[PDB]
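Okay, input_13.cif is below, mmCIF, C-alpha atoms and all ligand atoms:
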```cif
data_entry
#
loop_
_atom_site.group_PDB
_atom_site.id
_atom_site.type_symbol
_atom_site.label_atom_id
_atom_site.label_comp_id
_atom_site.auth_asym_id
_atom_site.auth_seq_id
_atom_site.Cartn_x
_atom_site.Cartn_y
_atom_site.Cartn_z
ATOM 1 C CA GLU N 1 6.593 6.878 -13.927
ATOM 2 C CA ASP N 2 3.726 7.645 -16.303
ATOM 3 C CA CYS N 3 2.434 4.219 -17.354
ATOM 4 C CA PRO N 4 0.660 1.390 -15.500
ATOM 5 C CA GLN N 5 2.882 -0.466 -13.030
ATOM 6 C CA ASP N 6 4.180 -3.847 -14.159
ATOM 7 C CA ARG N 7 4.338 -6.754 -11.705
ATOM 8 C CA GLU N 8 7.835 -5.857 -10.481
ATOM 9 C CA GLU N 9 7.175 -2.121 -10.117
ATOM 10 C CA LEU N 10 3.954 -2.687 -8.200
ATOM 11 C CA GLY N 11 5.796 -5.174 -6.024
ATOM 12 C CA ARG N 12 8.713 -2.919 -5.124
ATOM 13 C CA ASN N 13 6.347 -0.057 -4.365
ATOM 14 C CA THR N 14 3.926 -2.144 -2.324
ATOM 15 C CA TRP N 15 6.718 -3.708 -0.247
ATOM 16 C CA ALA N 16 8.076 -0.206 0.334
ATOM 17 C CA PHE N 17 4.649 0.871 1.573
ATOM 18 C CA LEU N 18 4.182 -2.250 3.711
ATOM 19 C CA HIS N 19 7.633 -2.236 5.332
ATOM 20 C CA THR N 20 7.406 1.466 6.067
ATOM 21 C CA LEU N 21 3.884 0.931 7.442
ATOM 22 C CA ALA N 22 5.333 -1.701 9.755
ATOM 23 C CA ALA N 23 8.379 0.426 10.586
ATOM 24 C CA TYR N 24 6.182 3.158 12.083
ATOM 25 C CA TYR N 25 3.553 0.908 13.641
ATOM 26 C CA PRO N 26 3.484 1.504 17.435
ATOM 27 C CA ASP N 27 5.928 -0.388 19.639
ATOM 28 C CA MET N 28 3.057 -0.380 22.139
ATOM 29 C CA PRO N 29 -0.083 -0.672 19.981
ATOM 30 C CA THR N 30 -3.500 -0.749 21.647
ATOM 31 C CA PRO N 31 -5.618 -3.902 21.401
ATOM 32 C CA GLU N 32 -7.738 -2.143 18.777
ATOM 33 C CA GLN N 33 -4.701 -1.157 16.734
ATOM 34 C CA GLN N 34 -3.494 -4.748 16.896
ATOM 35 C CA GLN N 35 -6.849 -5.995 15.639
ATOM 36 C CA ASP N 36 -6.988 -3.397 12.874
ATOM 37 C CA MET N 37 -3.511 -4.151 11.505
ATOM 38 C CA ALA N 38 -4.227 -7.880 11.441
ATOM 39 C CA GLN N 39 -7.489 -7.197 9.586
ATOM 40 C CA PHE N 40 -5.734 -4.731 7.273
ATOM 41 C CA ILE N 41 -3.237 -7.419 6.273
ATOM 42 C CA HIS N 42 -6.050 -9.907 5.764
ATOM 43 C CA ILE N 43 -7.987 -7.583 3.458
ATOM 44 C CA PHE N 44 -4.763 -6.628 1.702
ATOM 45 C CA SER N 45 -4.180 -10.285 0.789
ATOM 46 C CA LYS N 46 -7.587 -10.354 -0.853
ATOM 47 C CA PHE N 47 -7.136 -7.281 -3.034
ATOM 48 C CA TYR N 48 -3.448 -7.053 -3.900
ATOM 49 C CA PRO N 49 -3.616 -6.211 -7.672
ATOM 50 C CA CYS N 50 -1.338 -8.874 -9.143
ATOM 51 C CA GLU N 51 -3.687 -11.868 -9.225
ATOM 52 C CA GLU N 52 -1.072 -14.631 -9.064
ATOM 53 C CA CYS N 53 0.754 -12.785 -6.297
ATOM 54 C CA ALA N 54 -2.375 -12.405 -4.156
ATOM 55 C CA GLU N 55 -3.276 -16.084 -4.439
ATOM 56 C CA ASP N 56 0.254 -16.878 -3.274
ATOM 57 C CA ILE N 57 0.402 -14.416 -0.379
ATOM 58 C CA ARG N 58 -2.993 -15.519 0.945
ATOM 59 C CA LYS N 59 -1.726 -19.083 1.321
ATOM 60 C CA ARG N 60 1.397 -17.842 3.103
ATOM 61 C CA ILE N 61 -0.516 -15.479 5.383
ATOM 62 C CA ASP N 62 -3.090 -18.132 6.292
ATOM 63 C CA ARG N 63 -0.224 -20.437 7.253
ATOM 64 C CA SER N 64 1.437 -17.783 9.401
ATOM 65 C CA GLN N 65 -0.975 -15.080 10.579
ATOM 66 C CA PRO N 66 0.589 -11.667 11.206
ATOM 67 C CA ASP N 67 1.760 -11.063 14.763
ATOM 68 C CA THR N 68 0.686 -7.452 15.279
ATOM 69 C CA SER N 69 1.448 -7.466 19.007
ATOM 70 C CA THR N 70 4.290 -4.959 18.618
ATOM 71 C CA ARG N 71 6.246 -2.948 16.058
ATOM 72 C CA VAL N 72 9.071 -5.486 16.303
ATOM 73 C CA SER N 73 6.899 -8.596 16.077
ATOM 74 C CA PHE N 74 5.005 -7.159 13.127
ATOM 75 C CA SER N 75 7.983 -5.781 11.211
ATOM 76 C CA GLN N 76 9.781 -9.109 11.705
ATOM 77 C CA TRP N 77 6.703 -11.084 10.638
ATOM 78 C CA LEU N 78 6.469 -8.973 7.495
ATOM 79 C CA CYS N 79 10.175 -9.385 6.790
ATOM 80 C CA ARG N 80 9.812 -13.165 7.073
ATOM 81 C CA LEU N 81 6.831 -13.096 4.711
ATOM 82 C CA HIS N 82 8.703 -11.038 2.124
ATOM 83 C CA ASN N 83 11.617 -13.476 2.410
ATOM 84 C CA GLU N 84 9.292 -16.347 1.536
ATOM 85 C CA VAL N 85 8.418 -14.575 -1.698
ATOM 86 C CA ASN N 86 12.113 -13.758 -2.209
ATOM 87 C CA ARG N 87 12.956 -17.454 -2.037
ATOM 88 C CA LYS N 88 10.106 -18.327 -4.386
ATOM 89 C CA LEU N 89 11.583 -15.931 -6.944
ATOM 90 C CA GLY N 90 15.207 -16.938 -6.446
ATOM 91 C CA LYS N 91 16.009 -13.636 -4.751
ATOM 92 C CA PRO N 92 18.384 -13.313 -1.756
ATOM 93 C CA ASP N 93 17.157 -13.559 1.832
ATOM 94 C CA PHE N 94 17.059 -10.159 3.496
ATOM 95 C CA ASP N 95 18.655 -9.933 6.942
ATOM 96 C CA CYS N 96 15.553 -9.244 9.041
ATOM 97 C CA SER N 97 17.711 -8.029 11.922
ATOM 98 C CA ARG N 98 18.299 -4.946 9.770
ATOM 99 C CA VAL N 99 14.731 -4.011 8.792
ATOM 100 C CA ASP N 100 14.957 -0.793 10.805
ATOM 101 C CA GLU N 101 18.157 0.287 9.056
ATOM 102 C CA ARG N 102 16.559 -0.402 5.690
ATOM 103 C CA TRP N 103 13.136 1.116 6.266
ATOM 104 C CA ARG N 104 13.332 3.565 9.150
ATOM 105 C CA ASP N 105 16.733 4.734 10.375
ATOM 106 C CA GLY N 106 19.065 4.129 7.443
ATOM 107 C CA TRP N 107 22.175 1.939 7.347
ATOM 108 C CA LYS N 108 24.469 2.431 10.338
ATOM 109 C CA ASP N 109 27.397 3.191 8.022
ATOM 110 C CA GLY N 110 25.484 6.364 7.183
ATOM 111 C CA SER N 111 25.235 5.576 3.472
ATOM 112 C CA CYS N 112 21.683 6.966 3.528
ATOM 113 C CA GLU Y 1 18.928 3.604 -3.377
ATOM 114 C CA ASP Y 2 17.854 1.041 -0.774
ATOM 115 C CA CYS Y 3 17.190 3.677 1.893
ATOM 116 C CA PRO Y 4 14.137 4.650 3.988
ATOM 117 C CA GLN Y 5 11.619 6.490 1.824
ATOM 118 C CA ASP Y 6 10.921 10.153 2.519
ATOM 119 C CA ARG Y 7 7.439 11.688 2.460
ATOM 120 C CA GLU Y 8 7.536 12.271 -1.307
ATOM 121 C CA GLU Y 9 8.918 8.827 -2.176
ATOM 122 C CA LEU Y 10 6.538 7.003 0.160
ATOM 123 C CA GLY Y 11 3.604 9.013 -1.139
ATOM 124 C CA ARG Y 12 4.449 8.438 -4.789
ATOM 125 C CA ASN Y 13 4.786 4.686 -4.330
ATOM 126 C CA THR Y 14 1.737 4.425 -2.071
ATOM 127 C CA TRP Y 15 -0.480 6.247 -4.578
ATOM 128 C CA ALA Y 16 0.826 3.833 -7.223
ATOM 129 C CA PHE Y 17 -0.236 0.920 -5.024
ATOM 130 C CA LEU Y 18 -3.600 2.481 -4.206
ATOM 131 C CA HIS Y 19 -4.526 3.457 -7.756
ATOM 132 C CA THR Y 20 -3.469 0.040 -9.055
ATOM 133 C CA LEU Y 21 -5.462 -1.530 -6.205
ATOM 134 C CA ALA Y 22 -8.567 0.359 -7.350
ATOM 135 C CA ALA Y 23 -7.841 -0.312 -11.037
ATOM 136 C CA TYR Y 24 -8.139 -4.050 -10.446
ATOM 137 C CA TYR Y 25 -10.981 -3.932 -7.924
ATOM 138 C CA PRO Y 26 -13.920 -5.989 -9.304
ATOM 139 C CA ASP Y 27 -16.368 -4.220 -11.600
ATOM 140 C CA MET Y 28 -19.052 -6.176 -9.736
ATOM 141 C CA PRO Y 29 -17.763 -6.642 -6.172
ATOM 142 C CA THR Y 30 -19.753 -8.745 -3.714
ATOM 143 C CA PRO Y 31 -21.303 -6.922 -0.753
ATOM 144 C CA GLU Y 32 -18.573 -8.547 1.363
ATOM 145 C CA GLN Y 33 -15.868 -7.106 -0.891
ATOM 146 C CA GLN Y 34 -17.467 -3.656 -0.792
ATOM 147 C CA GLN Y 35 -17.434 -3.774 3.006
ATOM 148 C CA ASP Y 36 -13.823 -4.975 3.037
ATOM 149 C CA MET Y 37 -12.518 -2.269 0.706
ATOM 150 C CA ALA Y 38 -14.230 0.416 2.779
ATOM 151 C CA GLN Y 39 -12.563 -0.878 5.948
ATOM 152 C CA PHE Y 40 -9.241 -1.216 4.126
ATOM 153 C CA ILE Y 41 -9.372 2.494 3.346
ATOM 154 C CA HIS Y 42 -10.348 3.386 6.903
ATOM 155 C CA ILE Y 43 -7.575 1.327 8.491
ATOM 156 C CA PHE Y 44 -5.136 2.608 5.858
ATOM 157 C CA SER Y 45 -5.992 6.175 6.887
ATOM 158 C CA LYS Y 46 -5.160 5.419 10.512
ATOM 159 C CA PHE Y 47 -1.781 3.806 9.860
ATOM 160 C CA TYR Y 48 -0.339 5.563 6.806
ATOM 161 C CA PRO Y 49 3.247 6.220 8.143
ATOM 162 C CA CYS Y 50 3.189 9.999 7.616
ATOM 163 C CA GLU Y 51 1.202 11.391 10.554
ATOM 164 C CA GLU Y 52 0.416 14.765 8.990
ATOM 165 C CA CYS Y 53 -0.637 12.964 5.818
ATOM 166 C CA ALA Y 54 -2.778 10.465 7.708
ATOM 167 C CA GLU Y 55 -4.618 13.170 9.630
ATOM 168 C CA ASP Y 56 -5.283 15.058 6.394
ATOM 169 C CA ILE Y 57 -6.677 12.055 4.542
ATOM 170 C CA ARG Y 58 -8.847 11.077 7.519
ATOM 171 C CA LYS Y 59 -10.441 14.530 7.423
ATOM 172 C CA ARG Y 60 -11.189 14.204 3.713
ATOM 173 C CA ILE Y 61 -12.522 10.664 3.978
ATOM 174 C CA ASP Y 62 -14.874 11.751 6.764
ATOM 175 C CA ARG Y 63 -16.429 14.317 4.430
ATOM 176 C CA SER Y 64 -16.756 11.859 1.555
ATOM 177 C CA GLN Y 65 -16.709 8.174 2.465
ATOM 178 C CA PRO Y 66 -15.226 5.752 -0.074
ATOM 179 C CA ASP Y 67 -17.633 4.601 -2.758
ATOM 180 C CA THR Y 68 -16.709 0.940 -3.105
ATOM 181 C CA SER Y 69 -19.798 -0.078 -5.090
ATOM 182 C CA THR Y 70 -17.825 -0.748 -8.293
ATOM 183 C CA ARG Y 71 -14.343 -0.624 -9.792
ATOM 184 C CA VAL Y 72 -15.326 2.565 -11.589
ATOM 185 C CA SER Y 73 -16.913 4.246 -8.572
ATOM 186 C CA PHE Y 74 -13.970 3.385 -6.319
ATOM 187 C CA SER Y 75 -11.321 4.385 -8.861
ATOM 188 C CA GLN Y 76 -13.073 7.701 -9.357
ATOM 189 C CA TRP Y 77 -13.478 8.203 -5.609
ATOM 190 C CA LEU Y 78 -9.758 7.559 -5.117
ATOM 191 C CA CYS Y 79 -8.849 9.894 -7.970
ATOM 192 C CA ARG Y 80 -10.915 12.648 -6.371
ATOM 193 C CA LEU Y 81 -9.229 12.050 -3.013
ATOM 194 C CA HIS Y 82 -5.768 12.268 -4.578
ATOM 195 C CA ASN Y 83 -6.836 15.428 -6.416
ATOM 196 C CA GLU Y 84 -7.789 17.029 -3.102
ATOM 197 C CA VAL Y 85 -4.274 16.341 -1.855
ATOM 198 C CA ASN Y 86 -2.859 17.657 -5.137
ATOM 199 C CA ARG Y 87 -4.854 20.876 -4.697
ATOM 200 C CA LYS Y 88 -3.584 21.191 -1.130
ATOM 201 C CA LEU Y 89 0.038 20.828 -2.259
ATOM 202 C CA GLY Y 90 -0.366 23.008 -5.341
ATOM 203 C CA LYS Y 91 0.030 20.078 -7.732
ATOM 204 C CA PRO Y 92 -1.874 19.949 -11.052
ATOM 205 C CA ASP Y 93 -5.351 18.440 -11.044
ATOM 206 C CA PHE Y 94 -5.354 14.991 -12.613
ATOM 207 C CA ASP Y 95 -8.069 14.237 -15.187
ATOM 208 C CA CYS Y 96 -9.975 11.422 -13.482
ATOM 209 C CA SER Y 97 -11.539 10.316 -16.768
ATOM 210 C CA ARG Y 98 -8.075 9.047 -17.674
ATOM 211 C CA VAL Y 99 -7.405 7.061 -14.509
ATOM 212 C CA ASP Y 100 -7.777 3.743 -16.361
ATOM 213 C CA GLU Y 101 -5.226 4.757 -19.011
ATOM 214 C CA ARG Y 102 -2.778 5.946 -16.374
ATOM 215 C CA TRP Y 103 -3.063 2.989 -14.029
ATOM 216 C CA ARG Y 104 -4.407 0.010 -15.969
ATOM 217 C CA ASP Y 105 -4.548 0.022 -19.770
ATOM 218 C CA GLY Y 106 -1.979 2.633 -20.729
ATOM 219 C CA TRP Y 107 -2.486 5.866 -22.659
ATOM 220 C CA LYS Y 108 -4.794 5.575 -25.672
ATOM 221 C CA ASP Y 109 -2.016 6.890 -27.927
ATOM 222 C CA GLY Y 110 -0.205 3.599 -27.377
ATOM 223 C CA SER Y 111 2.521 5.547 -25.578
ATOM 224 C CA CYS Y 112 2.939 2.649 -23.140
HETATM 225 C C1 LIG N 201 2.148 -9.261 -1.210
HETATM 226 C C2 LIG N 201 3.055 -9.382 -2.437
HETATM 227 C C3 LIG N 201 3.033 -10.650 -3.126
HETATM 228 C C4 LIG N 201 3.856 -10.814 -4.282
HETATM 229 N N1 LIG N 201 3.850 -12.058 -4.986
HETATM 230 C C5 LIG N 201 4.612 -12.362 -6.166
HETATM 231 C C6 LIG N 201 4.530 -13.581 -6.822
HETATM 232 O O1 LIG N 201 3.779 -14.514 -6.407
HETATM 233 N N2 LIG N 201 5.313 -13.780 -8.003
HETATM 234 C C7 LIG N 201 6.183 -12.853 -8.598
HETATM 235 O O2 LIG N 201 6.904 -12.889 -9.606
HETATM 236 N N3 LIG N 201 6.210 -11.663 -7.877
HETATM 237 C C8 LIG N 201 5.497 -11.355 -6.719
HETATM 238 N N4 LIG N 201 5.513 -10.154 -6.013
HETATM 239 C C9 LIG N 201 6.471 -9.215 -6.525
HETATM 240 C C10 LIG N 201 7.896 -9.366 -6.027
HETATM 241 O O3 LIG N 201 7.837 -9.663 -4.606
HETATM 242 C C11 LIG N 201 8.860 -8.223 -6.189
HETATM 243 O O4 LIG N 201 8.309 -7.053 -5.617
HETATM 244 C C12 LIG N 201 9.362 -7.905 -7.596
HETATM 245 O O5 LIG N 201 9.914 -9.095 -8.223
HETATM 246 C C13 LIG N 201 10.414 -6.870 -7.669
HETATM 247 O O6 LIG N 201 11.594 -7.332 -6.991
HETATM 248 P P1 LIG N 201 12.743 -6.468 -6.381
HETATM 249 O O7 LIG N 201 13.909 -7.286 -6.725
HETATM 250 O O8 LIG N 201 12.799 -5.098 -6.933
HETATM 251 O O9 LIG N 201 12.510 -6.376 -4.771
HETATM 252 P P2 LIG N 201 11.245 -6.539 -3.785
HETATM 253 O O10 LIG N 201 10.522 -5.646 -4.727
HETATM 254 O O11 LIG N 201 11.616 -7.972 -3.857
HETATM 255 O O12 LIG N 201 12.188 -5.700 -2.874
HETATM 256 C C14 LIG N 201 11.854 -4.502 -2.179
HETATM 257 C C15 LIG N 201 13.204 -4.102 -1.609
HETATM 258 O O13 LIG N 201 12.954 -4.242 -0.188
HETATM 259 C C16 LIG N 201 14.089 -4.844 0.448
HETATM 260 N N5 LIG N 201 13.748 -6.179 0.903
HETATM 261 C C17 LIG N 201 13.808 -7.468 0.289
HETATM 262 N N6 LIG N 201 13.406 -8.439 1.045
HETATM 263 C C18 LIG N 201 13.048 -7.822 2.239
HETATM 264 C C19 LIG N 201 12.536 -8.313 3.475
HETATM 265 N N7 LIG N 201 12.324 -9.632 3.595
HETATM 266 N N8 LIG N 201 12.254 -7.473 4.552
HETATM 267 C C20 LIG N 201 12.452 -6.109 4.495
HETATM 268 N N9 LIG N 201 12.961 -5.608 3.267
HETATM 269 C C21 LIG N 201 13.244 -6.500 2.170
HETATM 270 C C22 LIG N 201 15.216 -4.697 -0.556
HETATM 271 O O14 LIG N 201 15.980 -3.595 -0.179
HETATM 272 C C23 LIG N 201 14.625 -4.734 -1.893
HETATM 273 O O15 LIG N 201 15.335 -4.116 -2.972
HETATM 274 C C24 LIG N 201 4.746 -9.711 -4.800
HETATM 275 C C25 LIG N 201 4.710 -8.488 -4.045
HETATM 276 C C26 LIG N 201 3.898 -8.298 -2.903
HETATM 277 C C27 LIG N 201 4.106 -6.891 -2.385
HETATM 278 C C1 LIG N 202 -2.961 8.920 1.706
HETATM 279 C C2 LIG N 202 -1.829 9.885 1.364
HETATM 280 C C3 LIG N 202 -1.837 11.141 2.062
HETATM 281 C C4 LIG N 202 -0.804 12.084 1.793
HETATM 282 N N1 LIG N 202 -0.797 13.336 2.483
HETATM 283 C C5 LIG N 202 0.188 14.377 2.325
HETATM 284 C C6 LIG N 202 0.160 15.563 3.048
HETATM 285 O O1 LIG N 202 -0.748 15.818 3.900
HETATM 286 N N2 LIG N 202 1.200 16.520 2.826
HETATM 287 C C7 LIG N 202 2.277 16.402 1.938
HETATM 288 O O2 LIG N 202 3.234 17.142 1.659
HETATM 289 N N3 LIG N 202 2.227 15.196 1.254
HETATM 290 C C8 LIG N 202 1.271 14.187 1.377
HETATM 291 N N4 LIG N 202 1.238 12.970 0.696
HETATM 292 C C9 LIG N 202 2.262 12.859 -0.301
HETATM 293 C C10 LIG N 202 1.953 13.479 -1.657
HETATM 294 O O3 LIG N 202 0.549 13.218 -1.966
HETATM 295 C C11 LIG N 202 2.736 13.037 -2.852
HETATM 296 O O4 LIG N 202 2.648 11.623 -2.979
HETATM 297 C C12 LIG N 202 4.199 13.471 -2.935
HETATM 298 O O5 LIG N 202 4.313 14.915 -2.782
HETATM 299 C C13 LIG N 202 4.887 13.139 -4.194
HETATM 300 O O6 LIG N 202 4.265 13.832 -5.283
HETATM 301 P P1 LIG N 202 4.319 13.453 -6.786
HETATM 302 O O7 LIG N 202 4.444 14.772 -7.411
HETATM 303 O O8 LIG N 202 5.456 12.540 -7.095
HETATM 304 O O9 LIG N 202 2.904 12.723 -7.175
HETATM 305 P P2 LIG N 202 1.764 11.908 -6.369
HETATM 306 O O10 LIG N 202 2.881 11.216 -5.691
HETATM 307 O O11 LIG N 202 1.164 13.245 -6.193
HETATM 308 O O12 LIG N 202 1.554 11.333 -7.809
HETATM 309 C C14 LIG N 202 1.571 9.967 -8.192
HETATM 310 C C15 LIG N 202 1.371 10.073 -9.694
HETATM 311 O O13 LIG N 202 0.020 9.560 -9.855
HETATM 312 C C16 LIG N 202 -0.673 10.329 -10.849
HETATM 313 N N5 LIG N 202 -1.732 11.103 -10.242
HETATM 314 C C17 LIG N 202 -1.781 12.412 -9.675
HETATM 315 N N6 LIG N 202 -2.939 12.758 -9.228
HETATM 316 C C18 LIG N 202 -3.747 11.658 -9.489
HETATM 317 C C19 LIG N 202 -5.123 11.388 -9.250
HETATM 318 N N7 LIG N 202 -5.864 12.337 -8.659
HETATM 319 N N8 LIG N 202 -5.716 10.177 -9.613
HETATM 320 C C20 LIG N 202 -5.008 9.163 -10.228
HETATM 321 N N9 LIG N 202 -3.636 9.421 -10.469
HETATM 322 C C21 LIG N 202 -3.052 10.682 -10.081
HETATM 323 C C22 LIG N 202 0.417 11.087 -11.586
HETATM 324 O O14 LIG N 202 0.698 10.406 -12.771
HETATM 325 C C23 LIG N 202 1.493 11.343 -10.630
HETATM 326 O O15 LIG N 202 2.803 11.585 -11.135
HETATM 327 C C24 LIG N 202 0.295 11.808 0.795
HETATM 328 C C25 LIG N 202 0.219 10.528 0.133
HETATM 329 C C26 LIG N 202 -0.798 9.575 0.397
HETATM 330 C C27 LIG N 202 -0.564 8.341 -0.456
#
```

Take the structure from the file and write it as structure tokens.
Amino acid sequence: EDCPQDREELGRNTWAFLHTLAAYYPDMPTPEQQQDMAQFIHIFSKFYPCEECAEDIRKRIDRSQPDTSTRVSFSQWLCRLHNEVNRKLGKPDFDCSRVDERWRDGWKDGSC
Amino acid sequence: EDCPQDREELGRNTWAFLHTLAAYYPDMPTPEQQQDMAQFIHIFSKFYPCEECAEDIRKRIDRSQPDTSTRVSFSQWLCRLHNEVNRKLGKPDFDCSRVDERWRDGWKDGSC
């Protein structure tokens, strides 16, 4: 908009960035790309703006390190992580089998 | 609404994340944090989902590496980077002296 992001706005926008990032990550990433994405996620968890949120995500990420082996493993890992936060906030579980429809290709019914 | 984000949508929300990220970066970051934020930016530039956009930012970063010494230096560095992209796309130059109002504290006129 025009004013500082609130917790929810920052969240929606960051998840959008993260899921899209994962959606276009290589299906066949090189060993270096796999190392970089894992490190990116690690650093991300240390600087995500919302203080309370970062403390929370770090604990979740340390418990289940990102699997950056492939586009699918990574996008699924990220979907599972987001779902953990969804459950913490009483939000619905997202069907991870549809992450590509949501963030890359659009719903199969063509509503996008 | 819940559809894959186009170049403009992704960009808008990613800049929001990035500027908020810089807005809350420590005023006195540890050397470790300064190293981490620099790498975050470098990895970010290699994976940002819009290939043309990623290549462009990489070229700009290579000419002026991120200054992660302080919250102010980094926020200003990021504002300058975004302004280069604005100039490229014919968008108005943003007054970097007002980055804190825009992304952290809100406009001085209490508008927010
Ligand atoms: C790393 C991180 C940590 C956070 N921690 C906290 C916290 O501790 N406490 C707190 O109050 N808030 C936290 N937030 C904010 C919170 O997650 C939400 O972003 C915010 O409440 C806004 O919710 P929303 O309903 O708009 O959807 P999100 O912003 O919840 O939703 C983004 C959208 O993505 C889709 N989506 C939902 N789940 C998934 C999934 N699993 N996989 C793929 N797509 C999905 C949906 O289409 C949805 O509308 C965090 C955000 C991030 C990015
Ligand atoms: C790393 C990166 C690279 C990109 N590369 C390209 C590219 O090569 N080609 C292309 O077409 N698009 C590119 N984009 C997309 C483009 O920059 C815009 O995000 C998009 O056109 C939408 O524009 P917008 O007008 O909504 O504002 P941005 O999305 O331009 O604006 C976000 C908002 O932030 C504020 N703002 C503007 N400038 C600054 C600043 N300098 N400092 C602090 N706040 C500011 C404003 O309040 C503005 O409305 C890129 C985005 C990112 C995040």

Give the answer as one residue: which of Y:5, Y:86, Y:70, Y:97 has the shortest atom-to-atom distance to ligand LIG 202 (chain N), using all atoms listed in the file?
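Looking only at the distances to ligand LIG 202 (chain N), the closest residue turns out to be Y:86.
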
Dump the neighbourhood of ligand LIG 201 (chain N) as a list in words: all residues within 6 Å, distances computed on only C-alpha atoms and all ligand atoms.
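After applying the 6 Å limit, what remains is residues 8, 11, 12, 14, 15, 52, 53, 54, 56, 57, 79, 80, 82, 83, 85, 94, 96 and 99 of chain N; 2 of chain Y.
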
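With chain Y superimposed on chain N by least squares using every Cα atom in order, the two chains differ by 0.4 Å RMSD.
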
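For chain N, the residues within 8 Å of chain Y are residues 2, 3, 4, 5, 10, 13, 14, 16, 17, 20, 21, 24, 25, 36, 37, 40, 43, 44, 47, 48, 49, 101, 102, 103, 104, 105, 106, 107 and 112 of chain N, with only C-alpha atoms used to measure distance.
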
Write a file of the just-selected residues containing C-alpha atoms, as a PDB file, in the coordinates of the input.
```pdb
ATOM      1  CA  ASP N   2       3.726   7.645 -16.303  1.00  0.00           C
ATOM      2  CA  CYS N   3       2.434   4.219 -17.354  1.00  0.00           C
ATOM      3  CA  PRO N   4       0.660   1.390 -15.500  1.00  0.00           C
ATOM      4  CA  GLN N   5       2.882  -0.466 -13.030  1.00  0.00           C
ATOM      5  CA  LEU N  10       3.954  -2.687  -8.200  1.00  0.00           C
ATOM      6  CA  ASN N  13       6.347  -0.057  -4.365  1.00  0.00           C
ATOM      7  CA  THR N  14       3.926  -2.144  -2.324  1.00  0.00           C
ATOM      8  CA  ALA N  16       8.076  -0.206   0.334  1.00  0.00           C
ATOM      9  CA  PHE N  17       4.649   0.871   1.573  1.00  0.00           C
ATOM     10  CA  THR N  20       7.406   1.466   6.067  1.00  0.00           C
ATOM     11  CA  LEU N  21       3.884   0.931   7.442  1.00  0.00           C
ATOM     12  CA  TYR N  24       6.182   3.158  12.083  1.00  0.00           C
ATOM     13  CA  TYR N  25       3.553   0.908  13.641  1.00  0.00           C
ATOM     14  CA  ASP N  36      -6.988  -3.397  12.874  1.00  0.00           C
ATOM     15  CA  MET N  37      -3.511  -4.151  11.505  1.00  0.00           C
ATOM     16  CA  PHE N  40      -5.734  -4.731   7.273  1.00  0.00           C
ATOM     17  CA  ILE N  43      -7.987  -7.583   3.458  1.00  0.00           C
ATOM     18  CA  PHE N  44      -4.763  -6.628   1.702  1.00  0.00           C
ATOM     19  CA  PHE N  47      -7.136  -7.281  -3.034  1.00  0.00           C
ATOM     20  CA  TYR N  48      -3.448  -7.053  -3.900  1.00  0.00           C
ATOM     21  CA  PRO N  49      -3.616  -6.211  -7.672  1.00  0.00           C
ATOM     22  CA  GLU N 101      18.157   0.287   9.056  1.00  0.00           C
ATOM     23  CA  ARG N 102      16.559  -0.402   5.690  1.00  0.00           C
ATOM     24  CA  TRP N 103      13.136   1.116   6.266  1.00  0.00           C
ATOM     25  CA  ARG N 104      13.332   3.565   9.150  1.00  0.00           C
ATOM     26  CA  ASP N 105      16.733   4.734  10.375  1.00  0.00           C
ATOM     27  CA  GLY N 106      19.065   4.129   7.443  1.00  0.00           C
ATOM     28  CA  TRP N 107      22.175   1.939   7.347  1.00  0.00           C
ATOM     29  CA  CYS N 112      21.683   6.966   3.528  1.00  0.00           C
TER      30      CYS N 112
END
```

Atom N8 of ligand LIG 202 (chain N) to CA of residue 84 (chain Y): how many Å, to one decimal?
9.7 Å

Going by the chain IDs and residue numbers used in this file, which residues fall under the PyMOL selection byres (((chain Y and resi 64) around 12) and not hetatm)? Write them as a PyMOL selection string.
chain Y and resi 38+42+57-63+65-68+74+77-78+80-81+84

Hey, can I get the axis-aligned box for ligand LIG 202 (chain N)? All listed atoms, 6 Å padding on each side, centre and edge lengths in Å to one decimal, as lines of an AutoDock Vina configuration file.
```
center_x = -0.2
center_y = 12.7
center_z = -4.4
size_x = 23.3
size_y = 20.8
size_z = 28.7
```

Would you compute the distance between atom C5 of ligand LIG 202 (chain N) and CA of residue 7 (chain N)? Give it in Å to one decimal.
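Going from atom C5 of ligand LIG 202 (chain N) over to CA of residue 7 (chain N) covers 25.7 Å.
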